[PDB]
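Peer 1: Pasting a structure below so you can have a look.
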Ligand SMILES: C=C(C)[C@H]1Cc2c(ccc3c2O[C@@H]2COc4cc(OC)c(OC)cc4[C@@H]2C3=O)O1
Ligand code: SF4
């Protein structure tokens, strides 16, 4: 929450705690639907795990457009300072 | 022998105390509760048999299922029955509590409260009269009169 | 001494009947049951008004504690002073009740 | 001197050390304060009766009345604290550190 | 074919309302396991919520999924408010119901239902 690299590593740590994802194919630009092969509800509970760890609410309209960890860390960085 | 005569007289004593101090809960459900009120009314008068209505089910001795049991209230009935200390008794009053009654084929009716609670006396009617409900209570008193608890405790 | 014997006997009879009530029907084994309320699980909210009527009881009980030696104080040789202070203490209990009245303290448990 | 006075003073100092060492609760602090008052009541009564000093027989009633009003004041302060924080825990009462 | 909508103009706003209902159920599962003191876990309850949401995953009508959202919110409010008992929550977990014969041969063995 202080530095951008810690926020990116914490995004990846929330994702690697999420046991459905294969951690081998996980990257920063990995796509949930076609690379990770995840359902939509899997992405929704990923967003709620991001709120469980990062502690700020995300509306539904700008959580549907977050299809990679890079978009998630860009949305976190846009709602914070870094 | 001596010990068997002792446990026989103690069985008669405790069964006398249990049959002559029945405390039912004031738990009505439907039309049968009106005739159960008439069995509390001055003519038939449960109170002269040692039979008083109590509001909390903790100080109650017999659960009179007087009325139709629905699906929405069957866990409430089972929880009320589970709040009773033992020995507790169940009297099923009327046709809907007995087997489902006039609403037997309904989507929302439990087809007899004996699917839920262990019924000891099945009092039949629609509603059974206050004289008939008091007959069922007297038959429950005869049933408690012939329980053999300490005889079986001695002979087990 | 006789008071202590009577207290001990009454306390002994109470504890004896409680022992009979918690161990003679607990000779039963009956059945291993589980047993799995208006408020369900939430915390009991504090009532300011029940606490205020308890404090009003405590303060009037202290005023009673001042009033209790009056049947002995009627025997005094300073009777004008005693009647003055007795009427003044009952008057102060009445003025405490009047201030509890007019400032809405006796409301919804009046 | 008299042996029972040692016990009443030691009960006063035990209730003191209970008050002078908080654990968690503020009600326990009020109970230690009123245990101090209780020991003071007993000790005053034993002195005033052993002296046959008649006029001070009204003094323990005055001690009891004034310190019960003091206890009611403290209970009201506790009630306002527990209305603010939900509990009467003393670790909630540290906003005046800064 | 021009009908009157319920809340959603098209399927995108419909999927938005479905997604917010799923967020509410996902947040509500651990509180439901605690305050009903269930013998299930949180992951198992969330898998049942996922199973009940994926049971209706094929509807492409806005009005039908709006009514599914409305009924899911009724289930939700009856779960948040303590109105259901333990039984009304455990009816989603058909535990006393024995697992039925699945293939052809076992249903042939046990009876006449296809
Ligand atoms: C307490 C005594 C002496 C009488 C009155 C009484 C009973 C037994 C049961 C009940 C009861 O009265 C209460 C209040 O009135 C009705 C009226 C009802 O219907 C008109 C009704 O239907 C289920 C239920 C009830 C209560 C009920 O369960 O015995
Ligand atoms: S058995 Fe009949 S008369 Fe009796 S409560 Fe049921 S519906 Fe009413």
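The numbers here are math on the coordinates, done by the rules we state, and not lab data. No Cβ is skipped: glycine too gets one built from the backbone with ideal geometry, and neighbour counts run over all protein chains shown.
Peer 1: Is it the case that residue C:70 is surrounded by 11 or more Cβ atoms within 10 Å (Cβ to Cβ), more than 10 Å from every other protein chain (Cβ to nearest Cβ) and within 30 Å of residue D:62 (Cα to Cα)?
Peer 2: Yes: the conditions hold for residue C:70.
Peer 1: Let me ask something else. Please enumerate the residues belonging to segment E:7-33 that are within 20 Å of residue A:48 (Cβ to Cβ) and out of contact with any helix residue (DSSP H, G or I) (no Cβ under 9 Å at 6 or more places or on another chain).
Peer 2: E:16
Peer 1: Only residues that are farther than 17 Å from residue C:45 by Cβ and within 9 Å of another protein chain (Cβ to nearest Cβ): list them for segment D:74-85, please.
Peer 2: Those that are farther than 17 Å from residue C:45 by Cβ and within 9 Å of another protein chain (Cβ to nearest Cβ): D:75, D:76.
Peer 1: Further question: When you go through (1) over 10 Å from the mean Cα position of the chain (by Cα); (2) surrounded by 11 or more Cβ atoms within 10 Å (Cβ to Cβ) one by one for residue E:92, which number turns out not to apply?
Peer 2: Every condition holds for residue E:92 apart from (1).
Peer 1: Can you tell me which residues in segment E:33-42 are more than 10 Å from every other protein chain (Cβ to nearest Cβ) and outside any loop (DSSP other than H, G, I, E, B)?
Peer 2: Matches in segment E:33-42: E:33, E:42.
Peer 1: Within segment B:29-52, is even one residue within 14 Å of residue B:89 (Cα to Cα), away from ligand 1 (no atom under 12 Å from the Cβ), crowded, with 16+ Cβ neighbours inside 10 Å and within 17 Å of the chain's Cα centre (by Cα)?
Peer 2: Within segment B:29-52, none of the residues are within 14 Å of residue B:89 (Cα to Cα), away from ligand 1 (no atom under 12 Å from the Cβ), crowded, with 16+ Cβ neighbours inside 10 Å and within 17 Å of the chain's Cα centre (by Cα).
Yes/no matrix, rows are residues, columns are (1) touching a helix residue (DSSP H, G or I) at 6+ places or on another chain (Cβ under 9 Å); (2) within 15 Å of ligand 1 (Cβ to nearest atom):
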{"residue": "B:96", "(1), (2)": "yes, yes"}
{"residue": "B:109", "(1), (2)": "yes, no"}
{"residue": "B:112", "(1), (2)": "yes, no"}
{"residue": "B:135", "(1), (2)": "no, no"}
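Peer 1: Is it fair to say residue A:78 is more than 14 Å from chain E (Cβ to nearest Cβ) and surrounded by fewer than 15 Cβ atoms within 10 Å (Cβ to Cβ)?
Peer 2: Taking the combined requirement at face value, the residue satisfies it.
Peer 1: Within segment E:43-63, is there a residue that is within 14 Å of chain C (Cβ to nearest Cβ) and surrounded by 16 or more Cβ atoms within 10 Å (Cβ to Cβ)?
Peer 2: no
Peer 1: I've got another one for you. Starting from residues that are outside any loop (DSSP other than H, G, I, E, B) and within 16 Å of ligand 1 (Cβ to nearest atom), keep the ones in segment B:115-130 and report whichever is nearest to residue B:47 (Cα to Cα). Working first, answer last.
Peer 2: Taking segment B:115-130 and keeping what is outside any loop (DSSP other than H, G, I, E, B), we get B:115, B:121-123, B:130.
Pick out the ones that are also within 16 Å of ligand 1 (Cβ to nearest atom) and you get B:123, B:130.
On the way: B:123: 19, B:130: 13 Å.
Among those residues, the one meeting the criterion is B:130.
Peer 1: Search segment A:51-66 for residues being away from chain E (no Cβ under 12 Å) and within 19 Å of residue E:15 (Cα to Cα), and hand back the single one that is surrounded by the fewest Cβ atoms within 10 Å (Cβ to Cβ). It would help to see each step written out before you state the result.
Peer 2: Going through segment A:51-66, the residues away from chain E (no Cβ under 12 Å) turn out to be A:53-56, A:65-66.
The next check asks that each one be within 19 Å of residue E:15 (Cα to Cα); those that pass are A:65-66.
Values: A:65: 8, A:66: 20.
Per the stated criteria, the residue is A:65.
Peer 1: Out of segment C:31-47, which residues are away from chain E (no Cβ under 14 Å) and surrounded by fewer than 10 Cβ atoms within 10 Å (Cβ to Cβ)?
Peer 2: Correct list: C:31, C:32, C:33, C:44, C:45.
Peer 1: Which condition number in (1) within 11 Å of another protein chain (Cβ to nearest Cβ); (2) farther than 22 Å from residue C:58 by Cα; (3) in a helix (DSSP H, G or I) is the one that residue D:56 fails?
Peer 2: Condition (1) is where residue D:56 drops out.
Peer 1: Another question, then. Keeping to segment E:48-68, report how many residues are in a helix (DSSP H, G or I) and either more than 11 Å from the chain's Cα centre (by Cα) or closer than 23 Å to residue A:38 by Cα (or both).
Peer 2: 13
Peer 1: Right, another one. Starting from segment E:87-104, keep only residues that are closer than 30 Å to residue E:35 by Cβ, then list their pairs with residues that are part of a helix (DSSP H, G or I) whose Cβ atoms are within a distance under 7 Å, requiring at least 6 positions of separation or different chains.
Peer 2: Cβ pairs passing all conditions: E:87/B:75; E:89/E:32; E:89/E:79; E:92/E:48; E:92/E:52; E:93/E:48.
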